[PDB]
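Below is one structure, written out as structure tokens; comments come after it.
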Ligand SMILES: [Mg+2]
Ligand SMILES: [Zn+2]
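Protein chains in written order, with the entry's author numbering: chain A, 444 to 1129; chain B, 438 to 527; chain C, 437 to 781; chain D, 832 to 1014, 1023 to 1090, 1097 to 1176; chain E, 1227 to 1275; chain F, 27 to 109; chain G, 1 to 234; chain H, 2 to 226.
Laid out in structure tokens, this is it:
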């Protein structure tokens, strides 16, 4: 997603040439020294074996010319908070003394209470008087990174689940619709115009003309400029990178304005996921232990549906026996499978392919090998010739299907830059519309995550009193023990942002809404809102907004002041005896889909020096039956199964053909022999 | 991470043995000594083909009769009953 | 079921490719092995009906790295499942230490008669209930299921349709002749599941004291009838357990279910334990849906006294800071004093 | 941190309180990550050591065994079930017939010491039971079946052939991740590591050598406390032992003139297994090892039957050292 | 662990392995002497009654 | 003994099978050897009759040989001697 | 349109009145759609009769124990509720039970006036001792479902009459459970399994047939708006 | 004994949405009745929708048309919201030609006999001077959500963009019961069901079709002896 593009840059890595490696990495380097505040985010680090070695710059951080990390601060002199913003590295942060942005400035730069939250040199926190404060933080959320600043209600989340949310906010895939979130922060807009994947009007003017391919803008002084789009360009991880315009033929644009959304952008701001109707009940054990059920509604209307573009390549090089050719003259295959290929090899654009189909007809010479006698007899029986050439065509790998967008073919005949001994290169782009399914990984913004347990139909889903079914159903038992109740708050405000509120300030303003900003005492349905990170919706303000949540179409306040609703069991029919929390939660689709993970092998390729099966799912590949599983099978007393798994499925070179033959003919599995691992060990020892 | 093209792929061996048995069966369903002349001509038991001189030497006959026998036996195996259980192997 | 497991058919077809090849050669669907292999690769729809045949009663192994202890590998009977994700039984999640974040499992396939017998007898799921370490059950219902059984068996005083012995104007109106009548009264809005009633049970074994009172020595249950002042929930829990087990009549805390399943595994055969555990799973999920366990910010109540509390400990913290400032104690002593102060708070 | 955080996650933390919380969060995550590798190495070593412990014979017909507590006495004459009986005594074959004040043999040699058995034993009034176990099993290569007792999974006598050693190693290695650390006594997974590795503890606490009153040689910043021998012949003059750590208390703290035991721990901490072996024999060192491992595992609320640690310790104490060659082949 | 030193001093001692543990029986691929591998269960004669 | 009827891979119940032999390992080898015997009875049926017999109990429509062997075990139709 | 596969209906008879019906393969997910309606219709539509109130002599305000019987009022009440009696009258007919002397009273001891028949032969309803006397006037009226004890049907006018609960339903316990059934390669069709337990008044097969009749009439009342509408014909 | 068979009174609210009221019923039955009717209406009401489109200038789904502001996949998403009711079961086709600037509404589609488009005011795409959009759509009848039928399974002529079809004229169904439940035990339920269809067929016809489906399925259970 564009956010991952932004966050791969602005990343600080402590490992590499000239730096400590992970085995040389101690525990004391991986902590958060109190000098990280405002210079490096303590939340967002990779969760694997790199925690603390890889982090990212803060939002406001700037780099000292000598390679240090400066940080802005508001200077306060004699107690009047000035606006002279000065940049300090960590040393001057030690020397001086630092206050807090969420402090009562009395509209004059003057503090209110003398006794003030303040940081000293060694990370100490005390209560200095409001006279020794010389420096003040520029704002809250200064300590935080870019990706983590896009989590609403972050201050309610625990640091572990906030870390998870920040690390999985960068794994969302670009959907086909990319609807903007209801509740968010102020970093949804500026993390997209800066990520680069949003076309920005360079200079102001009026739109001359628009299309799906280009935008011609008319500048105020004569000149015109054509912004080209990037339609269906493959990303570096197989996802789509569409860019469609959001401007019309008569609109006037200003410099710095979003003129075309990107992969995960909606009218200018970031949109990594969709707003889904969420209930928090445990339903029939399908949402058991972080599992998530969805409605079929998300499958029917393509709510969560990504366009994945895969790139296949094949080169016609040179060889000792001669040169290969990309042609239609392939050895033995029926002309049924040559229908999709065009007249000179590669497939026709748009022809749907399945696993094992032919993409690039490419055949190589083989030479002269004496045939087996029965091959000679069978060839002469049908009169077919030797066909000295041998086919190695580009077959699309197993477990893959989809259309063919574009074919990009190089050649030596056009004098293109090709490596030595290569005659013709060709790449085929095969794309598929991966829908949502049971097993794909879903997640919100607060570290919740789960494989989809079951896609229910729309009728067997708990629907509200108005007949609107909920879209997904999370589990309750994952909420309290993970200390990430922000997802609850984001849920409640989400509903408040969907139904729209109206604080009836008839007799003054209510007590909770006294310090609310204006044009927030009433809101429209589907009105976008934003809570900044460390100054957002107060809990009392959430209660007040939830109290008045004006009805949908009839006189019907579906969600009471508590934030729950009376759901009807769509399967059985009876209403649920207790009210259930419902709301609108913003949830992404992570890039851990099943089709990338499902894997199987009965027989396939084999390794080189040892005769073990290969692995990695790039080939057929097999799973490592490691040492711990050997111990587990020894503890059961399982002797013959262990003998099998270590002899006749991995290394018995003469025994694997025997077991395949014995299975096919229906005989008994042959007795294992000595493995080809012990024999290699024996020869090395000798 | 390097495969081994020079390796038993474990379907070729069993398929090849099944082809052997089926070809032997279809050869047995053919005529007597003429299917065996085909067997010698393509070397299904000796491992080497040998020529019309050798087939005549072991049988006491000429070479044109051998070629006529080859053509006659060859015509029948193109007919589907013999080919249907053999075609899929090629 | 406990011994069963899901298996994506698009993956089972590749695991069982030689078996299905042989079988659909045998059923004359292919002329030979090569046409059968091509038919398998093109996945003609008759390859699925034969795949069901070649899979039945043929266990597979489910490894999960890291395999910490002996139960990390278990043998399940596979079944075909729409989709591409392995469907795991929820009760082996404690053994595998497998939550559902995207955790992956590897399916292995035993081949020989010896290996199939070892998977079927030694490493089957329903034969491995207890831990190898301490003998406590790992097929015990946990998490969601414990909440369901707790809500099922808890007792609420002052609920709808209780037993009261008030008379003079009207009879007791708490007595129910059979659990079927109680279930009827629960489907109507009369009887709550967690109300204290008196039911006449004829298919459940009473506890030891009541059995020794009413019958003494040899009260056999399938015919005998006896009264019990219990909740409808505890009855509905107790017909899940086998006939020979006595009535429980308790509130199903997790340790209570641990003790019950320990006794059940110690005294009864393993198949009975597996079936009882499956029944407990079904009831636990069904009544955890109805328990109404949700999380809202109106649910999380703050203590009303908290501010007075924080003031009463802030004054002592301020006193400690002042005593450090004036100088009777060093830095470490005031740190220790503040630490103890805030632990008390 | 002495501030401290004063906001709940419902009220929402401030900036500094959240920044303070991040310290502990990241520390815990990294500590867990390293603890995985520590547990893995412990499991591998225990698997190697306990590999050749497999049940070979149904019964060795031995009579030696351990003594187990089984609900010690209260001042009111009431038997209180010992806090760890479901792990120490439960499911272990009784070797000597328990007799209660010449009442009867409540359970005979050959029972499994099950739950109803334990209820009967507690009703009878007997506490100390002699049970057969794998430290005392008199087989040659691999433990017998009646000494291992009950296989914890099956519920019956362990089948002839089961590899109880790998089961023991995995059962001690799996809860190495649930087990945590703390705050100079080591009190976590490294403590178990230094126990099974048989290393002198970093907080070494030398124990007594003979009974008698104590000759309290307290020094400055260290304690060289001597022990007057009851009947011995010389008082064991100890040396500089850091006074920062306290003294082991019993009966009161270690006070001048108090009567110590043969192997009473003088100061407060952990003893090394080598000295307690050399002083009090293999029986006492086996009891010490089992008790000290189970103290760590009980502190984290992990149920492990002692027979697994018992298999490991039996594997520890196999060999002997040669101090005199005699005249045959031994260096 | 410590493969070099163990290997070289075993080579000096000419120490003959006897192949009777659960690891050396896994390395060489023959049936391990535990569970269903021991001669008590590996050599069962099964005839119809 | 009032268990509900088993289904699939658990028929017959293993607890009733274990009463016939000493340990589950003996059951494993028992059933493995008997299933092998049944398999090569099915293989050696086309040619002349040899010393192998079985299945003594009537199998199903299509039934794996190991299931037949274990069902024969439960029906008390075999005997054995250990090593 | 076509159903594309015709569902069946086959029963397993377990006891005299205990059945396990299986319907396969229902078009997904029609299993629940018809199963819940069937379960509720069986328990709450089939007409039947049971005792709705009883008056005993010797019990006027202290409904604790009846003179001459071993049991108490609650035990007599719950034994009388389990009694199965058919009926042919909308009005609340009055059964008369009267037995004097020692011994137990059988369910057949009550005299049935014409029509109303006591299907249960001899169920123990009281244990008269000390040469006791027992005289219950039972009130039997037909009905459906499980109407709870009608509290103060009158203004407590017949104080001797104690309103008891009423198991009108001939069937006593229906549990529905759907499963998964393979069709071609779909492996998702719904197989419905019903476990139905009735009393010895009617067979479970006839109860299922009558409930199907009532449900098809109700959904025909739904249908009869536009008869010529297309949908799924089996 | 309560003996009055229920009624099915009707109440029109808008052109597409209406309420039905069924009374009196047996107690503890209105919820199951409403759920049965909802699960039938929301899943198995036969309808018609577009299944495949063929635009002239495109070879597949992931490309662009010269002149249109939109691209092909968003045209797919826009046409997926169309509502159309056929009369005959053959896979009928309709056409759409548009040249020059302007918004392309659903009313620009010229349908053959039988089929009709029930919302001409739908935005499909917008063109310019260089814009030229020609597309043929294939409407067939069906029920439920069928996924995209693969081109290879079909006639496999390159250019036939397959589209997911959702044959469900119903749009939103709810209900609520008003159980009187008086102390005199003359209790009865009162089912107030609500149907909102997406302007393809009137709610009366949808409920009639659901009722006939239920009648046909319950004649199975009724017809025994
Ligand atoms: Mg996990
Ligand atoms: Zn022993």
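Yeah, the Cβ is synthetic: ideal placement off N, Cα and C, and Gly gets one too.
Please classify residue i: is it buried, with 16 or more other beta-carbons within 10 angstroms of its beta-carbon, or exposed?
i: residue 1235 (chain E); result: exposed
i: residue 653 (chain C); result: exposed
i: residue 667 (chain C); result: buried
i: residue 187 (chain H); result: exposed
i: residue 74 (chain G); result: buried
Would you tell me roughly how many angstroms separate the C-alpha atoms of residue i and residue j, rounded to the nearest one?
i: residue 873 (chain D); j: residue 1030 (chain D); result: 12 Å
i: residue 456 (chain A); j: residue 715 (chain A); result: 25 Å
i: residue 633 (chain C); j: residue 146 (chain G); result: 17 Å
i: residue 612 (chain C); j: residue 200 (chain G); result: 20 Å
i: residue 1030 (chain A); j: residue 124 (chain H); result: 28 Å
i: residue 54 (chain F); j: residue 98 (chain F); result: 14 Å
i: residue 812 (chain D); j: residue 1113 (chain D); result: Chain D is shown only over 832 to 1176; residue 812 (chain D) falls outside these bounds and no answer can be derived.
i: residue 799 (chain A); j: residue 900 (chain A); result: 33 Å
Kindly indicate if chain A contains any beta-carbon less than 8 Å away from that of residue i.
i: residue 145 (chain G); result: no
i: residue 168 (chain H); result: no
i: residue 505 (chain B); result: no
Would residue i pass as an interface residue toward chain C - the criterion being a Cβ-Cβ separation below 8 Å?
i: residue 932 (chain A); result: yes
Kindly indicate if chain G contains any beta-carbon less than 8 Å away from that of residue i.
i: residue 199 (chain H); result: no
Are the region 953 to 961 of chain A and the region 514 to 527 of chain A touching by the rule of at least three beta carbon pairs closer than 8 Å? As far as the Cβ criterion goes, the region 953 to 961 of chain A does not touch the region 514 to 527 of chain A, which means the pair count is below three.
Sufficient close CB pairs (3 or more, under 8 Å) joining the region 565 to 579 of chain C to the region 623 to 637 of chain C: The count of Cβ pairs closer than 8 Å, one atom from the region 565 to 579 of chain C and one from the region 623 to 637 of chain C, stays below three, leaving the stretches out of contact.
Per the contact definition of three or more C-beta pairs closer than 8 Å, is the region 87 to 105 of chain G in contact with the region 635 to 642 of chain C? Flag = no, the region 635 to 642 of chain C and the region 87 to 105 of chain G do not touch.
Cβ contact check for the region 6 to 18 of chain G and the region 203 to 216 of chain G: 3 or more pairs under 8 Å: When C-beta atoms of the region 6 to 18 of chain G are compared with those of the region 203 to 216 of chain G, three or more pairs fall below 8 Å, so the two segments count as touching.
My parser needs the beta strand (DSSP E) runs of 3 or more residues fully inside the region 156 to 188 of chain H; what are they? Those beta strand (DSSP E) runs which fall completely within the region 156 to 188 of chain H and span 3+ residues are 166 to 168 and 171 to 178.
Take every Cβ of the region 33 to 42 of chain G, pair it with every Cβ of the region 99 to 116 of chain G, and state whether three or more of those distances are shorter than 8 Å. No contact exists between the region 33 to 42 of chain G and the region 99 to 116 of chain G.
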